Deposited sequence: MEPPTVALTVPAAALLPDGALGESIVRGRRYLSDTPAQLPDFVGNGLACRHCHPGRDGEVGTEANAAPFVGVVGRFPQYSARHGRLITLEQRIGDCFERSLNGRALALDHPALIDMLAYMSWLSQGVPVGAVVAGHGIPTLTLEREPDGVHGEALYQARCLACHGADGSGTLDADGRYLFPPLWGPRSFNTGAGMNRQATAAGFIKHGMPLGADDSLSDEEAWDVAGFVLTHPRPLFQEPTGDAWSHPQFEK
């Protein structure tokens, strides 16, 4: 692998590329408000691809976008063929954001690509960045949703709510995003898979593997939009 580094925002170039990168950041950070025609729930990309200092997709083990551009196109079992990064973004719009994919030449999509390419500056094509993806967590026992409920009350509820509906900020964006119900990710999302939810919870959200497994199980007992 190669190291995860985050470029300096002060070193952004003047001109069309720099302006596109800034728009891209905003689409990724503020997706429901910026792209209402394409987002069907309350989630922005940053809610599963977090970043510090206003950036998005810069955190190891929380599916950073640093180095993502050099890993596409790639085979998708989901599609049964090679897909592009534009198509992969469309999938997260359809599933994680319960919405609609942008056209593959939509200016907002191109701005999101520009931003991801900026984060990827200096990463060799084909290289794997340390911390890429959301590593799965699997245990060789059933997730105990009863234990998970108790863990949820103790460790998660204060932010994500008794009803998993999250907490809005003053501007109507989710400070703490919804984990289930009509404003959360749909059943087609990767986060709807036990081992992915457990891995995300483990690395972001301290919890033991056993606790992450059980609380993921509890989270995933709830209704959410059907894909």
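Where does the model have holes with respect to the deposited sequence? Gaps vs deposited seq, in order: 1-4, 210-215, 238-252.
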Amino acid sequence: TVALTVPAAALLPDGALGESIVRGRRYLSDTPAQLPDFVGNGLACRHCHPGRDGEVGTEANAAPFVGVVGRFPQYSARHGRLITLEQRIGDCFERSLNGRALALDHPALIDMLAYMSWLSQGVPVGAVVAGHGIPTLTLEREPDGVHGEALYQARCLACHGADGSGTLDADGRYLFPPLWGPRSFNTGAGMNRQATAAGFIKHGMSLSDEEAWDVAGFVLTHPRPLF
From here on, numbers count along this sequence of modelled residues.
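Per the PDB record, is the mean Cα temperature factor higher over 133-141 or over 103-111? Stretch with the greater average CA B-factor: 133-141.
Segment of higher mean CA temperature factor, 20-28 or 6-14: If you average the C-alpha B-factors of 20-28 and of 6-14, the larger mean comes out for 6-14.
Residue selected from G70, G172, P177, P50 by maximal Cα B factor: When the deposited C-alpha B-factors of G70, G172, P177, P50 are compared, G172 is largest.
Compare the CA B factors listed in the entry for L119, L82, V128, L85 and report the winner. So the option with the highest C-alpha B-factor is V128.
By the record's CA B-factor, is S96 among the lowest, middle or highest third of residues in the chain? Answer is lowest: the recorded C-alpha B-factor places it there.
Among modelled residues of the same chain, the CA temperature factor third for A33: Answer is highest: the recorded C-alpha B-factor places it there.
Consider only the C-alpha atoms of the modelled residues in this chain, order them by B-factor as the entry records it, and name the third containing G57: lowest, middle or highest. CA B-factor rank for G57: lowest third.
Among modelled residues of the same chain, the CA temperature factor third for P64: Ranked within chain, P64 CA B lands in the lowest tercile.
Looking at the temperature factor on the CA atom of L207, which third of the chain's modelled residues does it land in? Answer is highest: the recorded C-alpha B-factor places it there.
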